[PDB]
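Notes for the structure review
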Amino acid sequence: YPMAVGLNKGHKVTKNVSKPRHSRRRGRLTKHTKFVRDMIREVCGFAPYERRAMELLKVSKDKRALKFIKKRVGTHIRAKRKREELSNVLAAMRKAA
Amino acid sequence: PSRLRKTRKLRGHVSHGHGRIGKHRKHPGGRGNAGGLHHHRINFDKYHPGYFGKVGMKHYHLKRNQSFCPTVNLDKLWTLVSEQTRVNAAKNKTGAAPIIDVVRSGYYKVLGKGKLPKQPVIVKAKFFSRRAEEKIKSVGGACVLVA
Amino acid sequence: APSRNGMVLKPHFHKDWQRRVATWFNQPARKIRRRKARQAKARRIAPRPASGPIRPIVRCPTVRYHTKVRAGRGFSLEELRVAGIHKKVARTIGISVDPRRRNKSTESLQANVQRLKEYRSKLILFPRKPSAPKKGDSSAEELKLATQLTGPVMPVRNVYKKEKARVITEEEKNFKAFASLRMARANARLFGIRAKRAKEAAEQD
RNA sequence: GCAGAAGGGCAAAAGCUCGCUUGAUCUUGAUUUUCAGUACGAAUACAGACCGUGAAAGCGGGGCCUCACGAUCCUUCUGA
RNA sequence: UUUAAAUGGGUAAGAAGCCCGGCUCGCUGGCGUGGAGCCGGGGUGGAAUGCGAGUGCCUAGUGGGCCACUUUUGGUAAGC
RNA sequence: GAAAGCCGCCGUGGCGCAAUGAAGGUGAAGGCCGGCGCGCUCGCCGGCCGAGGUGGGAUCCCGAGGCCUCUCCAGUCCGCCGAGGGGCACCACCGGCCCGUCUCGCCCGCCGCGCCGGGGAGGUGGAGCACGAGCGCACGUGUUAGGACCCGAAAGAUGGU
RNA sequence: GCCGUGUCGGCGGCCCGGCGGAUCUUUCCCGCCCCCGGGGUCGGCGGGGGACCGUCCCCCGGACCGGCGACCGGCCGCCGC
RNA sequence: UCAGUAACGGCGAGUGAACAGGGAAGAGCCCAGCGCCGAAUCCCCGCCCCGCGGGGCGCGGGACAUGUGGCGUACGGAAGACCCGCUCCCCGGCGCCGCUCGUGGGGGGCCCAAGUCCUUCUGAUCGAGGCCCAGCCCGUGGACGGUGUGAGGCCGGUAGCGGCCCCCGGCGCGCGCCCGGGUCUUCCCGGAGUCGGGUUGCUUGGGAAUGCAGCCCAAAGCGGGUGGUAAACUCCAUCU
Ligand SMILES: [Mg+2]
Ligand SMILES: [Mg+2]
Ligand SMILES: [Mg+2]
């Protein structure tokens, strides 16, 4: 009993299976390039704000450190990833001691 | 055609049809819709009530494809088909009912209107008004929705 | 300057428009120019078809037009794969290929594939010399003609259903009504709030 | 005397004291007044609601009446 | 200002009326009430004199006026 | 011949046939008979039809009666026809119906019983309905915008000698 | 000889007819899905015919006018040479 | 066409798009990188292979270049290892013949028919005339000049009319290039002071910033961009 508009809209058809195209996969971690970047964090060093952010992240505040990232990196969807990947680098040192 | 018009007819009369006194100059009352608020107020109104201000909500980038519902009301419904059938589907045997789908004719909605004749009908449309389908379910007809 | 009952007007003439006018005093003289650009191109190439390659079958993408069928751009790139022809011989066979196209339903897939496996069946090619690698005999005894017009396999052929005559059954003349559309709207816009009250049911514990 | 400018109106009163009191409330229209026969404003009779008063019929949607005020855009607050 | 002229203004001088008979009604309500409404039936000559009237459309020109008896306002008075 | 002719599985498309609403959206038929559930102002059912009624309304139809060398025997006719019937277009009114809000109210429906749909009766708002009249083309008139009936400045601006 | 309009018939040319028809037929004919090397029409789908109508083509038969649709003979009454 | 619409605007005057849809046209690709091939690459100089109107592939010198030349590769994937059944090419020049759709293009040079009688005049191209073929030619009655008004007096027009002179694309020997496809298995997979964000100006219909720029802070890998009302979460789509 199909219908014009609602939850089950319009013409019900068969959803043909298909492989995803090759440009749809643009940003997987691709381990060799992961090795290049994780080689380069410990030779090139860290950004001057994040060397200040990780002395904020542990003892000054825990919320204000993201708001400190929220103003220097663009938005809140870009500020959570920077906040939690520092807290893993700062967990890759603190817990490997 | 320059013969039939007035500037041959009014060639010799000195003021040429615009007064000795007003003596039509260039733009006496402002150009275009000038002064709809102030001095052409009585003329902007009475003849255009509603002209000044907001009335509704904005809809940024409306697309003229999704408000698209061309509407047949039932008195144009038998003339989508060949009339060779509506006499044929009226032969006294049974409920030999033909389909009449408006969506292969360019219509999406069946609106109500009285005076449908007494043959049994099935109608494929995407939208029905509740006056319209009771005008079909009273002639022994059915109302099959599809999209 | 406005007078008795009339129309308020906004003509777009305050901008200087007497320089950007485009008279069409040559619109005959271009039609007799671009027929010569076809007639000295229809005979110029070949008994290969004019009016371009074989174009796909494509359904129009809006609520307004999704009941009709349009000639499109190219076989998407798995029709070349289902019919089993290489993707870079397809445009020198004479089939048009659109690379970036999706397909997500078999209901519109097979109407291209049925066309595409039928095209090559109604096709003949020419040999260099008749060694004929994958070609049969002389092409139909010199192919009966030379060239087609305005589409090889008539790209619209918009086809329709019959449903010749039925019998009203019981349910069919009862259910599928106006109230089968209202609550379809009254639920699909109230789908989220009613699950939000079905989030509150848990915290009553 | 009726708050105030005049004119009109008023005596078991529209005045003067007394007793309650919120009809200076919500609501859709019609009409009158300057009128082009527009609008603001003011006013008139009504109708549906809730009330006040009175024992009652009633009267009362501001001042006894003729003036006391103000569009579009914008801002603000409230109402389902 | 008690009185109150002449001229002036409104209305009326019939069938769109009048009468009788009967049905609706949630209005009104001692009361086949009151009042509207509708249906059917009965009788055209209802002051003078003159004349063919009704209704819709589009829109030009005009928006600087002056003079005369008569009644008047400013002004001493004026072709003010 | 920059003409003319044809296309129609070239009607895509314009404008019209469907209005209202801010918007989600909704989207124009009553009549007559009979039978009924407290016929209870509410309401339920089949049937015949079918665009409702009132007052005017050109025209058309019936038309008592009359009208010819003598009175009684009949035919197509004609002309004057009193009264009466059907009533176009339209004009005024009353009703109905569609949509927007508001007062009052009870009922039903189930892709699944809910701050769910549907309906009713009153009163208003609408560029609506009530058997559609539009599109194309040409011409005239008028209004606007374009140097816009012709002529006219003191200026202003860029770029230069 | 004629042509109009309605009545049809010879279905006469339909299977060697014109155009048209979202009228018809799952015993007709191809490319397939549904079910267990096949099949069940088991529901069809993309496609072809042939049946019915709706309008046009001859026959004989009918009507009515022989009409600007024209000739035949015969008649009256003209006309030149 | 959508459209004078959505939108913008002392929401005044005014300005004002796009997506669908229909047609003309229709053509797609490469490189960096990632990894492999003993730089397998290019330039120049000189000599001769040997030919026009000149450049090639030979050979030896010199320079580039390892901070990366050339081959295969490009996001629809690609490589590599298979394994299976196919198949062995194209392209340039060289000489030409055989063509060429208005029959490729240019150039020069030619192609029918009355001045016959009479008449008028400064002068005819005027007016009249031509046996049973209607005097003559007509695929040639466009035009211009000729002492005035001409199918026939002369250039020319008509004609898949002609003859010439040069140039125009596509047969055919000598060169140069020269294994593609599918199936399964492993491997590789991308452009940074840029995107975004803030603030300021210009602009646009773009309205809580459409475009673009300055300045500052400055990215990420299940990442990033967009989805037309700013922000947070979640889901889905699409592109790189
Ligand atoms: Mg005038
Ligand atoms: Mg004037
Ligand atoms: Mg200056």
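For the structure itself, look to the data block above.
Residues numbered from 1 in each chain as written, not as in the entry; some residues may be left out. Chains lettered and ligands numbered in written order. Part of a larger assembly, values for the part shown. Heavy atoms only, no water.

1. Here we look at the overall build of chain B
For chain B, the count of helices and strands is four helices and five strands. Counting helices and strands in the order they occur from the N terminus, chain B gives α-α-β-α-β-β-β-β-α. Against the globule reference of 15 Å for 147 residues, chain B gives a C-alpha radius of gyration of 29 Å, more extended than a compact globule. In terms of principal-axis extent, the alpha carbons of chain B reach across some 85 × 45 × 25 Å. Roughly 10,800 Å² of accessible area belongs to chain B as shown, and the carbon and sulfur atoms make up 53% of that amount. (Helix = DSSP H or I, 4+ residues; strand = E, 2+ residues; numbered from the N terminus. Rg over C-alpha atoms; globule rule 2.2 N^0.38 Å. Areas by Shrake-Rupley, 256 points an atom, 1.4 Å probe, with all protein chains shown as cover.)

2. Here's the deal with the overall build of chain A
Summing up its helical and strand segments, chain A has four helices and zero strands in all. The C-alpha atoms of chain A give a radius of gyration of 22 Å, which is well past the 13 Å a tight globule of 97 residues would have. The principal-axis extent of the C-alpha atoms belonging to chain A is close to 65 × 35 × 25 Å. Within chain A, buried positions represent 19% of all 97 residues. Carbon and sulfur atoms make up 55% of the accessible area of chain A, which totals about 8,600 Å². Treating the 30 positive side-chain charges of chain A as one cloud and the 7 negative ones as another, the clouds have centres 12 Å apart. (Buried < 20%, exposed > 50% of the residue type's maximum accessible area, 1.4 Å probe, protein only. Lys, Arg positive; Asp, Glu negative; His and termini not counted. Charge placed at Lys NZ, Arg CZ, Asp CG, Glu CD.)

3. Considerations on the protein's contact with RNA strand D
All names here are of chain B. Around RNA strand D, a shell composed of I42, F52, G53 and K54 is seen. Contact distances for RNA strand D include 3.1 Å between a sugar or linking oxygen and a backbone N or O atom of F52. Contact distances for RNA strand D include 3.2 Å between a phosphate oxygen and a side-chain N or O atom of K54. (Near = heavy atom within 4 Å. Polar contact = N/O pair within 3.5 Å; in protein donor to acceptor, adjacent residues only side chain to side chain.)

4. Here's the deal with the interface of chain B and chain C
Each partner contributes residues to the interface: chain B has 33 residues there, and chain C has 32 residues. Taken together, both faces of the contact between chain B and chain C bury some 2,900 Å²; the carbon and sulfur share is 57%. Contact with chain C buries surface across chain B, with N65(B), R104(B) and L145(B) losing the most and accounting together for 16% of the total. The interface formed by chain B and chain C contains zero salt bridges. Inspection of the region where chain B meets chain C yields seven residue pairs in polar contact. For the side of chain B that touches chain C, the secondary-structure elements that each account for two or more residues are β5 (127–128) and α4 (130–134) of chain B. By residue class, the composition of the side of chain B that touches chain C is 16 nonpolar, eleven polar and six charged. (Contact = heavy atoms within 4.5 Å. Buried area = accessible area lost by both parts, 1.4 Å probe. Salt bridge = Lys/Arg side-chain N within 4 Å of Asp/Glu carboxyl O. Nonpolar A, V, L, I, M, F, W, Y, C, P; charged D, E, K, R; others polar.)

5. Some thoughts on the side chain of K82(A)
Tracing the chain through its elements places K82(A) in helix α4 (residues 76–94). Not counting the four nearest positions on each side in its chain, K82(A) is found in contact with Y49(A), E50(A) and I69(A).

6. What about the protein's contact with RNA strand F?
The immediate surroundings of RNA strand F are formed by 49 residues, with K109(B), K115(B), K118(B), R131(B) and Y65(C) found nearest. In RNA strand F, atoms within 4 Å of the protein come 62% from sugar and phosphate. A distance of 3.3 Å separates a phosphate oxygen of RNA strand F from a polar backbone atom of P1(B). Within the side chain of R131(B), one N or O atom sits 2.4 Å away from a phosphate oxygen of RNA strand F. Looking at the surface near RNA strand F, the elements that each hand over two or more residues are β1 (71–73), β3 (109–111) and α4 of chain B together with α6 (179–188) and α7 (191–200) of chain C. With five residues, α6(C) is the single largest residue contributor to the surface near RNA strand F. Partitioned by chemical class, the residues of the surface near RNA strand F number 16 nonpolar, 13 polar and 20 charged.

7. Notes on the coordination of the magnesium ion (ligand 2)
Residue and element names in this part refer to chain B. The protein atoms that coordinate the magnesium ion (ligand 2) are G22 (O), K23 (N) and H24 (N), at distances spanning 2.1 to 2.6 Å. Between the donor residues of the magnesium ion (ligand 2), the gaps in sequence give the motif G-K-H. Given a relative accessible area of 58%, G22 falls into the exposed group. (Donors = N, O, S within 2.8 Å, 3.2 Å for Na, K, Ca; no water.)

8. Digging into the environment of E107(C)
On the secondary structure map, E107(C) appears in helix α5 (residues 106–119). Excluding residues that lie within four positions of it along the chain, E107(C) makes contacts with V13(A) and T14(A).

9. A closer look at the nonpolar core
Among soluble globular proteins, nonpolar side chains are generally buried collectively. With 23 residues, the main nonpolar core has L74(B), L77(B), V110(B), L116(B), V123(B), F128(B) and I136(B) as its most contacted residues. Residue assignment for this core shows that the elements contributing at least two residues are β5 of chain B together with α6 of chain C. Not counting the four nearest positions on each side in its chain, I136(B) is found in contact with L74(B), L116(B), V121(B), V123(B), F128(B), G141(B) and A142(B). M54(A), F68(A), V73(A) and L86(A) belong to the second-largest nonpolar core, a separate cluster that totals twelve residues. (Core = buried A, V, L, I, M, F, W, Y, C linked by side-chain atoms within 4.5 Å.)

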